[PDB]
>>> print(open('work_21.cif').read())   # mmCIF, C-alpha atoms (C1' of nucleotides)
data_query
#
loop_
_atom_site.label_atom_id
_atom_site.label_comp_id
_atom_site.auth_asym_id
_atom_site.auth_seq_id
_atom_site.Cartn_x
_atom_site.Cartn_y
_atom_site.Cartn_z
CA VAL A 253 39.23 10.37 14.52
CA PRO A 254 38.75 14.11 13.68
CA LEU A 255 39.18 15.21 10.06
CA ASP A 256 40.23 18.89 9.83
CA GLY A 257 39.22 19.69 13.32
CA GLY A 258 36.15 18.10 14.87
CA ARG A 259 34.64 16.94 11.64
CA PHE A 260 34.33 13.19 12.40
CA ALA A 261 36.25 10.98 9.97
CA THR A 262 34.48 7.82 11.08
CA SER A 263 36.08 4.50 10.66
CA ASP A 264 33.51 2.60 8.75
CA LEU A 265 33.05 -0.12 11.34
CA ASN A 266 31.17 2.19 13.55
CA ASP A 267 28.55 2.38 10.90
CA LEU A 268 28.32 -1.32 10.77
CA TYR A 269 28.01 -1.73 14.49
CA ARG A 270 25.52 1.12 14.51
CA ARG A 271 23.47 -0.79 11.97
CA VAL A 272 23.51 -3.91 14.07
CA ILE A 273 22.78 -2.29 17.36
CA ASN A 274 19.82 -0.38 15.99
CA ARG A 275 18.33 -3.56 14.64
CA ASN A 276 18.97 -5.35 17.90
CA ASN A 277 17.32 -2.58 19.87
CA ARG A 278 14.29 -2.78 17.63
CA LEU A 279 14.21 -6.56 17.86
CA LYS A 280 14.30 -6.56 21.65
CA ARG A 281 11.49 -4.03 21.48
CA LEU A 282 9.28 -5.90 19.06
CA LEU A 283 9.86 -9.12 20.87
CA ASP A 284 8.99 -7.87 24.32
CA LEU A 285 6.04 -5.94 22.95
CA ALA A 286 5.16 -9.22 21.17
CA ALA A 287 4.81 -8.43 17.50
CA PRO A 288 3.32 -11.06 15.15
CA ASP A 289 5.35 -13.31 12.87
CA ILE A 290 5.10 -11.07 9.81
CA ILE A 291 6.68 -8.18 11.69
CA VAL A 292 9.48 -10.02 13.36
CA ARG A 293 10.25 -11.78 10.11
CA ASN A 294 10.99 -8.29 8.96
CA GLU A 295 13.29 -7.16 11.72
CA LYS A 296 14.94 -10.56 12.17
CA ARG A 297 15.78 -10.67 8.49
CA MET A 298 17.07 -7.13 8.57
CA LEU A 299 19.26 -8.06 11.50
CA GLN A 300 20.74 -11.15 9.95
CA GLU A 301 21.28 -9.15 6.79
CA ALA A 302 23.13 -6.51 8.80
CA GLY B 449 35.44 4.27 -36.98
CA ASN B 450 33.77 2.45 -34.12
CA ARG B 451 35.12 4.56 -31.25
CA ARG B 452 33.99 8.12 -30.91
CA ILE B 453 35.22 11.02 -28.87
CA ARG B 454 33.08 12.41 -26.12
CA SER B 455 34.24 15.83 -25.00
CA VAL B 456 33.16 18.11 -22.19
CA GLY B 457 30.10 19.43 -23.90
CA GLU B 458 28.73 16.04 -23.94
CA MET B 459 29.73 14.57 -20.65
CA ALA B 460 28.30 17.55 -18.90
CA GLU B 461 25.12 17.29 -20.89
CA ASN B 462 24.69 13.78 -19.61
CA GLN B 463 25.42 14.59 -16.01
CA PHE B 464 23.04 17.44 -16.28
CA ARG B 465 20.49 14.98 -17.54
CA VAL B 466 20.85 12.95 -14.40
CA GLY B 467 19.81 16.05 -12.57
CA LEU B 468 16.69 16.46 -14.59
CA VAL B 469 15.83 12.80 -14.08
CA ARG B 470 15.95 13.28 -10.34
CA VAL B 471 13.78 16.35 -10.56
CA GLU B 472 11.39 14.32 -12.72
CA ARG B 473 10.97 11.74 -9.98
CA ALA B 474 9.95 14.48 -7.53
CA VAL B 475 8.00 16.97 -9.56
CA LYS B 476 5.72 14.27 -10.87
CA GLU B 477 4.62 13.28 -7.40
CA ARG B 478 4.31 16.85 -6.13
CA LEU B 479 2.24 17.68 -9.21
CA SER B 480 0.01 14.66 -8.66
CA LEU B 481 -0.73 15.18 -4.97
CA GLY B 482 -0.51 18.95 -5.15
CA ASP B 483 -3.60 21.07 -5.37
CA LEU B 484 -2.31 23.06 -8.37
CA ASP B 485 -4.13 26.06 -6.91
CA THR B 486 -1.35 27.52 -4.76
CA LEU B 487 1.65 26.06 -6.54
CA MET B 488 3.91 28.07 -8.80
CA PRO B 489 6.86 26.59 -10.66
CA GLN B 490 9.49 27.66 -8.13
CA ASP B 491 7.53 25.66 -5.61
CA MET B 492 7.57 22.72 -7.97
CA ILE B 493 11.30 22.40 -8.65
CA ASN B 494 14.41 22.94 -6.56
CA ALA B 495 18.01 23.26 -7.66
CA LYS B 496 19.60 20.84 -5.26
CA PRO B 497 19.38 17.72 -7.49
CA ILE B 498 20.83 19.51 -10.52
CA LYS C 6 -15.65 -8.36 6.14
CA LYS C 7 -12.57 -6.12 6.19
CA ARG C 8 -9.38 -7.40 7.79
CA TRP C 9 -6.34 -5.45 8.92
CA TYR C 10 -3.03 -4.97 7.14
CA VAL C 11 0.30 -3.27 7.80
CA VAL C 12 1.75 -0.64 5.45
CA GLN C 13 5.31 0.71 5.53
CA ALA C 14 5.86 4.41 4.88
CA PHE C 15 8.89 6.67 4.88
CA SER C 16 9.25 7.06 8.64
CA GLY C 17 8.53 10.69 9.49
CA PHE C 18 6.01 11.45 6.74
CA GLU C 19 3.44 9.13 8.27
CA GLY C 20 0.57 11.55 8.85
CA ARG C 21 0.96 12.84 5.31
CA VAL C 22 0.90 9.23 4.05
CA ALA C 23 -2.33 8.67 6.00
CA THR C 24 -3.93 11.82 4.57
CA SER C 25 -2.84 10.98 1.00
CA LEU C 26 -4.19 7.46 1.48
CA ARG C 27 -7.64 8.72 2.54
CA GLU C 28 -7.57 11.09 -0.42
CA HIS C 29 -6.64 8.35 -2.92
CA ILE C 30 -9.54 6.31 -1.54
CA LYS C 31 -11.95 9.19 -2.12
CA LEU C 32 -10.43 9.78 -5.58
CA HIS C 33 -10.62 6.26 -6.99
CA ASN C 34 -13.94 5.79 -5.07
CA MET C 35 -13.38 2.25 -3.81
CA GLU C 36 -15.14 3.45 -0.67
CA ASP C 37 -16.55 -0.01 0.07
CA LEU C 38 -13.01 -1.46 0.22
CA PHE C 39 -11.47 0.60 3.05
CA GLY C 40 -12.60 1.05 6.63
CA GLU C 41 -10.12 3.15 8.60
CA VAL C 42 -6.50 4.20 8.80
CA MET C 43 -4.68 3.99 12.13
CA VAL C 44 -1.55 5.71 13.34
CA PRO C 45 -1.63 5.08 17.11
CA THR C 46 -0.03 7.56 19.47
CA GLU C 47 1.04 7.59 23.12
CA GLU C 48 1.61 10.80 25.10
CA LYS C 63 4.54 7.20 19.07
CA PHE C 64 4.36 3.47 18.45
CA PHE C 65 4.59 2.04 15.86
CA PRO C 66 7.59 3.93 14.44
CA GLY C 67 6.77 4.04 10.76
CA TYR C 68 3.92 1.61 10.14
CA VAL C 69 0.39 2.50 9.07
CA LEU C 70 -2.50 0.21 9.94
CA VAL C 71 -5.21 -0.14 7.28
CA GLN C 72 -8.61 -1.81 7.52
CA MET C 73 -8.97 -3.24 4.04
CA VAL C 74 -9.90 -6.16 1.83
CA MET C 75 -7.60 -7.82 -0.67
CA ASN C 76 -8.15 -7.31 -4.34
CA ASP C 77 -5.21 -6.68 -6.62
CA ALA C 78 -6.81 -3.36 -7.59
CA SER C 79 -6.83 -2.16 -3.98
CA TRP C 80 -3.29 -3.50 -3.54
CA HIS C 81 -2.10 -1.42 -6.51
CA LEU C 82 -4.06 1.50 -5.04
CA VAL C 83 -2.24 1.39 -1.69
CA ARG C 84 1.14 0.94 -3.35
CA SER C 85 0.38 3.79 -5.77
CA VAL C 86 -0.20 6.09 -2.80
CA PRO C 87 3.02 8.17 -2.68
CA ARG C 88 5.77 7.64 -0.09
CA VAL C 89 4.65 4.06 0.58
CA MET C 90 7.12 1.21 0.23
CA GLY C 91 4.80 -1.79 0.42
CA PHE C 92 2.98 -4.23 2.60
CA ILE C 93 4.75 -6.40 5.14
CA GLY C 94 3.77 -10.04 5.08
CA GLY C 95 4.79 -13.56 4.27
CA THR C 96 4.89 -12.93 0.52
CA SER C 97 4.23 -10.16 -2.00
CA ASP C 98 1.63 -12.13 -3.96
CA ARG C 99 -0.83 -12.54 -1.06
CA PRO C 100 0.33 -10.24 1.76
CA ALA C 101 -0.51 -11.09 5.32
CA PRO C 102 -3.17 -9.82 7.74
CA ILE C 103 -2.06 -9.77 11.31
CA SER C 104 -4.38 -11.43 13.95
CA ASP C 105 -7.61 -11.09 15.90
CA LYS C 106 -6.10 -10.84 19.39
CA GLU C 107 -3.26 -8.64 18.12
CA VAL C 108 -5.76 -6.14 16.68
CA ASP C 109 -7.68 -6.33 19.96
CA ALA C 110 -4.56 -5.66 22.05
CA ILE C 111 -3.48 -2.73 19.87
CA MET C 112 -6.99 -1.29 20.24
CA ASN C 113 -6.76 -2.03 23.98
CA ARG C 114 -3.59 0.02 24.50
CA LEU C 115 -4.96 2.68 22.15
CA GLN C 116 -8.07 2.77 24.34
CA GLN C 117 -6.07 2.79 27.59
"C1'" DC D 1 16.33 -44.06 -12.22
"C1'" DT D 2 20.15 -42.03 -11.06
"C1'" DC D 3 25.72 -43.18 -12.51
"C1'" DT D 4 30.17 -41.01 -14.51
"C1'" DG D 5 30.79 -37.83 -18.37
"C1'" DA D 6 30.25 -33.01 -19.25
"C1'" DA D 7 27.92 -27.55 -18.41
"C1'" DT D 8 26.86 -23.00 -16.25
"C1'" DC D 9 27.41 -20.38 -12.27
"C1'" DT D 10 30.36 -17.78 -8.65
"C1'" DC D 11 34.81 -16.67 -6.29
"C1'" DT D 12 39.39 -15.37 -6.40
"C1'" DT D 13 43.88 -13.38 -8.27
"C1'" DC D 14 46.23 -9.82 -10.82
"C1'" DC D 15 54.56 -5.86 -9.28
"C1'" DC D 16 57.03 -2.80 -5.58
"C1'" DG D 17 58.16 1.41 -4.08
"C1'" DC D 18 56.98 6.81 -4.43
"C1'" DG D 19 55.61 11.62 -4.79
"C1'" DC D 20 52.06 14.90 -5.36
"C1'" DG D 21 46.73 16.86 -6.27
"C1'" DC D 22 41.60 17.10 -4.22
"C1'" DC D 23 37.25 15.66 -1.40
"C1'" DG D 24 35.51 13.39 2.33
"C1'" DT D 25 27.74 12.21 7.08
"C1'" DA D 26 21.07 14.17 4.99
"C1'" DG D 27 16.70 15.32 3.81
"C1'" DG D 28 13.59 15.65 7.43
"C1'" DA D 29 11.13 17.44 11.89
"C1'" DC D 30 9.93 20.44 15.98
"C1'" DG E 1 15.47 29.10 14.45
"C1'" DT E 2 16.21 23.73 14.43
"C1'" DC E 3 18.73 17.48 16.16
"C1'" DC E 4 18.89 14.19 13.96
"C1'" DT E 5 17.40 8.82 12.59
"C1'" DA E 6 18.29 6.63 7.96
"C1'" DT E 7 18.69 4.08 3.84
"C1'" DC E 8 14.40 2.20 -4.14
"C1'" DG E 9 9.37 -1.77 2.57
"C1'" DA E 10 6.20 2.72 -5.75
"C1'" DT E 11 14.73 1.95 -8.69
"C1'" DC E 12 17.93 -0.31 -11.52
"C1'" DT E 13 24.20 -0.94 -9.11
"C1'" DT E 14 26.97 -1.28 -16.22
"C1'" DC E 15 28.22 -4.30 -20.59
"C1'" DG E 16 35.08 -3.08 -22.49
"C1'" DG E 17 38.26 -9.28 -17.87
"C1'" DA E 18 40.45 -13.64 -18.42
"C1'" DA E 19 41.16 -17.21 -16.29
"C1'" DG E 20 41.03 -20.75 -13.59
"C1'" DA E 21 39.25 -23.40 -10.57
"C1'" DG E 22 35.67 -25.40 -7.91
"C1'" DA E 23 30.20 -26.11 -6.64
"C1'" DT E 24 26.62 -27.05 -8.34
"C1'" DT E 25 23.46 -28.96 -12.86
"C1'" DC E 26 22.31 -31.99 -16.47
"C1'" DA E 27 23.36 -36.21 -20.68
"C1'" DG E 28 22.98 -41.59 -22.65
"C1'" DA E 29 22.47 -45.14 -20.47
"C1'" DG E 30 22.60 -50.38 -17.53
#
>>> encode(input="work_21.cif", output="structure tokens")
Amino acid sequence: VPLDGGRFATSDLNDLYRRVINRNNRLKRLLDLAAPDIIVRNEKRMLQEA
Amino acid sequence: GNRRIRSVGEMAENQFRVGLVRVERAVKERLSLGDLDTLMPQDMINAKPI
Amino acid sequence: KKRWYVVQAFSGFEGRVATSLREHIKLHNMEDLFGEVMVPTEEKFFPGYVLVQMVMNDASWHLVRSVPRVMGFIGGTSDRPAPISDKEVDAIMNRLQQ
DNA sequence: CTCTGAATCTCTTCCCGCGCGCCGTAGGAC
DNA sequence: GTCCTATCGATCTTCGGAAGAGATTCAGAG
């Protein structure tokens, strides 16, 4: 919803979903581009933790 | 005798100190990496953290 | 023999991290403990990671983490951080060559 | 060698309404 | 002049809650 005009007063959930979706985009990337274990154990942890 | 008054001229001195602590954490690095040949103090600090 | 390692920087200041890293090497003159520093680029993967040819002493580890705007290595643990792989280095150099 | 006692940790709860007041996404990169 | 990607991947979230209950950790021993 707008705030005082088009200043976005985001409901917080859209920051949580934005966190998830970014991590899931990066994880699909680094899987299909076949990163090694030490890299996906970064992004996979960051995703579970999001 | 164990509880003391803090008044404005002390709370603002603390919250000003937080500003100088956040300048500290920048100006040290910029002074370390910086050439110290071009730099003048107004390049070193900036008001935004205070 | 110098093996590869992955460094995380503040994403966006990556070229400045690479330059400051080369300069810290030539300051603390552990020149025999660093080979290269890679930021690959396509007409930019990887988005925020700096590749370093290196060996592992705790002195050189403190050196790379004392380079400014560097978070830390990415590995299995923080005691003995992890090199990546032979064929993975070869494939990254392949796509960098191609 | 671990079985019922007890011991340290975290999680969860904390009146109902109501009226104002303000203040509300960021350091960075072409 | 600028469109964002992003978070202490080189600190320090506050001590001045009590409680009250459970999950989870350890005694003196058969």
>>> interface_residues(input="work_21.cif", of="chain B", to="chain E", cutoff="12 Å", atoms="all atoms listed in the file", output="MDAnalysis selection string")
chainID B and resid 451 470 473 477
>>> atom_distance(input="work_21.cif", atom1="atom CA of residue 10 of chain C", atom2="atom CA of residue 92 of chain C")
7.6 Å
>>> atom_distance(input="work_21.cif", atom1="atom CA of residue 71 of chain C", atom2="atom CA of residue 99 of chain C")
15.6 Å
>>> residues_near_point(input="work_21.cif", point="(14.9, 13.6, -11.8)", cutoff="12 Å", atoms="all atoms listed in the file", output="list in words")
residues 463, 464, 465, 466, 467, 468, 469, 470, 471, 472, 473, 474, 475, 476, 477, 493, 494, 495, 496, 497 and 498 of chain B
>>> resolve_selection(input="work_21.cif", expression="the PyMOL selection byres ((chain C) within 12 of (chain A))", output="MDAnalysis selection string")
chainID C and resid 10:13 64:66 68 92:97 100:108 110:111 114
>>> resolve_selection(input="work_21.cif", expression="the PyMOL selection byres ((chain C) within 12 of (chain D))", output="list in words")
residues 15, 16, 17, 18 and 19 of chain C
>>> residues_around(input="work_21.cif", residues="residue 268 of chain A", least_positions_apart="4", cutoff="8 Å", atoms="all atoms listed in the file", output="list in words")
residues 264, 272 and 302 of chain A
>>> atom_distance(input="work_21.cif", atom1="atom CA of residue 7 of chain C", atom2="atom CA of residue 20 of chain C")
22.2 Å
>>> resolve_selection(input="work_21.cif", expression="the PyMOL selection byres ((chain B) within 10 of (chain C))", output="list in words")
residues 477, 478, 480 and 481 of chain B
>>> closest_atom_pairs(input="work_21.cif", of="chain A", to="chain E", cutoff="12 Å", atoms="all atoms listed in the file", output="Markdown table")
| residue | atom | partner | partner_atom | distance |
| --- | --- | --- | --- | --- |
| A:267 | CA | E:6 | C1' | 11.5 |
| A:270 | CA | E:6 | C1' | 11.2 |
| A:271 | CA | E:6 | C1' | 9.9 |
| A:274 | CA | E:5 | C1' | 10.1 |
| A:291 | CA | E:9 | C1' | 11.5 |
| A:294 | CA | E:9 | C1' | 9.3 |
| A:295 | CA | E:9 | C1' | 11.3 |
| A:298 | CA | E:9 | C1' | 11.1 |
>>> closest_atom_pairs(input="work_21.cif", of="chain C", to="chain E", cutoff="6 Å", atoms="all atoms listed in the file", output="CSV")
residue,atom,partner,partner_atom,distance
C:13,CA,E:9,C1',5.6
C:84,CA,E:10,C1',5.9
C:85,CA,E:10,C1',5.9
C:90,CA,E:9,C1',4.4
C:91,CA,E:9,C1',5.1
>>> residues_around(input="work_21.cif", residues="residue 73 of chain C", least_positions_apart="2", cutoff="8 Å", atoms="only C-alpha atoms (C1' of nucleotides)", output="VMD selection string")
chain C and resid 7 to 10 38 to 41 71 75
